[PDB]
Amino acid sequence: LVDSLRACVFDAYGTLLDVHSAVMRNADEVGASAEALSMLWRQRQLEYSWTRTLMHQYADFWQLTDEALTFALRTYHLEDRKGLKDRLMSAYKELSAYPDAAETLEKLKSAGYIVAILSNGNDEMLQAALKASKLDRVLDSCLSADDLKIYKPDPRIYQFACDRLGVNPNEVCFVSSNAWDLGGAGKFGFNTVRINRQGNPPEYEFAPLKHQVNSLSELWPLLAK
Amino acid sequence: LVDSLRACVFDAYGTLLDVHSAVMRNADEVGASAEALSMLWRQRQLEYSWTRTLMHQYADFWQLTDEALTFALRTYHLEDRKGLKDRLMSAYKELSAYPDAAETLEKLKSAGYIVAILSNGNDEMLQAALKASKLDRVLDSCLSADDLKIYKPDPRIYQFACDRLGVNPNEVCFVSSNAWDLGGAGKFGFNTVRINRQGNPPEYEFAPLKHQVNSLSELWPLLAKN
Ligand SMILES: [Cl-]
Ligand SMILES: [Cl-]
């Protein structure tokens, strides 16, 4: 209503964790298609999450990441799909965190916010990435779409966060770099803040943002209690 | 695929209609980003259709096409987005048919099949494209997502086709170039045939295809009746 925020709920893949880094770290082994491969990998991973939910054929996020990567490597006819695939999936398992993630989650946790992740990622892949990047120690809760077998932006995933954290939608500040996820969270009723790193155009305008910043570290002035 | 089939149900955008022609015909006006622009427009159009159904914020396919193009034009920071938008939307309204589309639908209609389209596209945009390409005369029925306000691959849209056409799922041969649409249709229970023109890798393998061909013309030996 007037002084309401109790919880900062973060997206993982694209917001706290850098999805470009799995291919970036291996770009020389991939060759000059690396950027195109990386974009195709990401678009199919997300496509599969959406279409499989619509058609009621769920599989977990690691499996979709794998299928999307296989499809992308095949599309680009790469040499040594197999060794390349192993390296790229290992890099994905421990996806690099954005440089300001750890510090800004610490700062929010110290201001006394419930600090949580809400992610499409299943526990195994998510916990592996959060452990490697040290983000797991600065979280109250990490909530997985794999508990529901239903992906974002179905409202039941945002409802899961509310129910687990014991908060109402208007007591949540929902932070994401993914416009579709901000669209679903905003429609659902979270207060949404976009991390817009590259000044990408607006989308999903029927669910306006509360705020937009260009880095995680700009969340702290904004959310300082 | 044994013929106790009563209906051939076709995807429109990507299968009968060439989604690439809207930018290709205006590539000089767009400049060197034309292909990357074309790919983003298409990807976001489809993204919008999936995510809006998942979050219960339907809008029609023309609106999504417009929003996706506006987004793609801004992403590429294009000069004269206003003029380009008008040109590209007009081109989309009358997308080119693939070369074998009209003739193959006529052969199928001659063999006594119900020949129908089942499309995400709303009637206004789809009818314009169908008329411009003379595909109108080779069709029994044109079914739209806009009737139910629910996009593919949600099973209710495939069920809508069964309902309107008076057929069971297993009496349908469902034809598409879009792997997600074949996945949805196949899981629903239609007999699925992929048009894979460029030999793209397989996807959605939990819903196997009945057949794959590289051209709509190849549907003729697959479906011709005694
Ligand atoms: Cl970025
Ligand atoms: Cl093609």
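Side-chain atoms are counted along with the backbone in the values below, which use heavy atoms only and exclude waters and symmetry mates. Every chain is numbered from 1, with letters handed out A, B, ... down the list of sequences.
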What distance separates [X] [atom1] from [Y] [atom2], expressed to the nearest 0.5 Å?
{"X": "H20(B)", "Y": "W41(B)", "atom1": "NE2", "atom2": "CH2", "result": "12.0 Å"}
{"X": "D66(B)", "Y": "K85(B)", "atom1": "CG", "atom2": "NZ", "result": "3.5 Å"}
{"X": "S4(B)", "Y": "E171(B)", "atom1": "OG", "atom2": "CD", "result": "7.0 Å"}
{"X": "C142(B)", "Y": "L126(B)", "atom1": "SG", "atom2": "CG", "result": "4.5 Å"}
{"X": "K131(B)", "Y": "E94(B)", "atom1": "NZ", "atom2": "CD", "result": "9.0 Å"}
{"X": "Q45(A)", "Y": "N120(A)", "atom1": "CD", "atom2": "CG", "result": "8.0 Å"}

Decide whether [X] and [Y] meet the rule of one side-chain donor and one side-chain acceptor closer than 3.5 Å.
{"X": "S144(A)", "Y": "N122(A)", "answer": "no"}
{"X": "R197(B)", "Y": "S215(B)", "answer": "no"}
{"X": "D146(A)", "Y": "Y58(A)", "answer": "yes"}
{"X": "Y158(B)", "Y": "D181(B)", "answer": "yes"}
{"X": "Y48(B)", "Y": "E203(A)", "answer": "yes"}
{"X": "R164(B)", "Y": "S141(B)", "answer": "no"}

For the side chain of [X] and the backbone of [Y], is there at least one donor-acceptor N/O pair under 3.5 Å apart?
{"X": "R74(A)", "Y": "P201(B)", "result": "no"}
{"X": "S177(A)", "Y": "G14(A)", "result": "yes"}
{"X": "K152(A)", "Y": "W50(A)", "result": "no"}
{"X": "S38(B)", "Y": "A34(B)", "result": "no"}
{"X": "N26(A)", "Y": "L88(A)", "result": "no"}
{"X": "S49(B)", "Y": "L46(B)", "result": "yes"}
{"X": "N178(B)", "Y": "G183(B)", "result": "no"}
{"X": "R6(B)", "Y": "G166(B)", "result": "yes"}
{"X": "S110(B)", "Y": "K107(B)", "result": "yes"}

Minimum heavy-atom distance [X]-[Y], with the two atoms named:
{"X": "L223(B)", "Y": "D3(B)", "answer": "O-OD2, 3.9 Å"}
{"X": "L78(B)", "Y": "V30(B)", "answer": "CD2-O, 3.4 Å"}
{"X": "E124(B)", "Y": "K93(B)", "answer": "OE2-NZ, 3.3 Å"}
{"X": "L135(A)", "Y": "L16(A)", "answer": "CD1-CB, 3.9 Å"}
{"X": "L40(A)", "Y": "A72(A)", "answer": "CD2-CA, 3.7 Å"}
{"X": "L73(A)", "Y": "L84(A)", "answer": "CD2-CD2, 3.9 Å"}

Query raised in the report: Among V172(A), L143(A), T192(A), whose side-chain contact (heavy atoms from CB on, under 4.5 Å) with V9(A) holds?
Result: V172(A)
Query - Over-ring placement of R156(A) relative to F188(A), 6.0 Å and 45° cut-offs - result: no
Query raised in the report: Can the positive tip of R87(A) be found less than 6.0 Å from the middle of the six-membered ring of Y92(A), inside 45° of the ring normal?
Result: no
Surrounding [atom1] of [X] (heavy atoms of other residues, nucleotides or ligands, distance under 6.0 Å), is the total greater than 12?
{"X": "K109(B)", "atom1": "NZ", "value": "yes"}
{"X": "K149(B)", "atom1": "NZ", "value": "yes"}
{"X": "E79(A)", "atom1": "CD", "value": "no"}
{"X": "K82(A)", "atom1": "NZ", "value": "no"}
{"X": "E103(B)", "atom1": "CD", "value": "no"}
{"X": "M39(B)", "atom1": "CE", "value": "no"}

Query raised in the report: After noting the C-alpha distance and the side-chain angles of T15(A) and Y98(A), does the key distance pass the side-chain hydrogen bond (donor to acceptor under 3.5 Å, both in side chains) rule?
Result: CA-CA 8 Å; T15(A) 306; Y98(A) 281 104; over 6 Å; no
Query - Within-4.5 Å side-chain heavy-atom neighbours: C162(B) and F190(B) - result: yes
Query raised in the report: Is any side-chain heavy atom of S96(B) closer than 4.5 Å to a side-chain heavy atom of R25(B)?
Result: yes
Query raised in the report: If you measure from the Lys or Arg side-chain nitrogens to the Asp or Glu carboxylate oxygens, is any gap between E47(A) and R44(A) under 4.0 Å?
Result: yes
**Report entry** Test: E106(B) and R137(B) ion pair at under 4.0 Å
**Finding:** no
Query - Ring center gap for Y151(B) and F61(B) short of 6.0 angstrom - result: yes
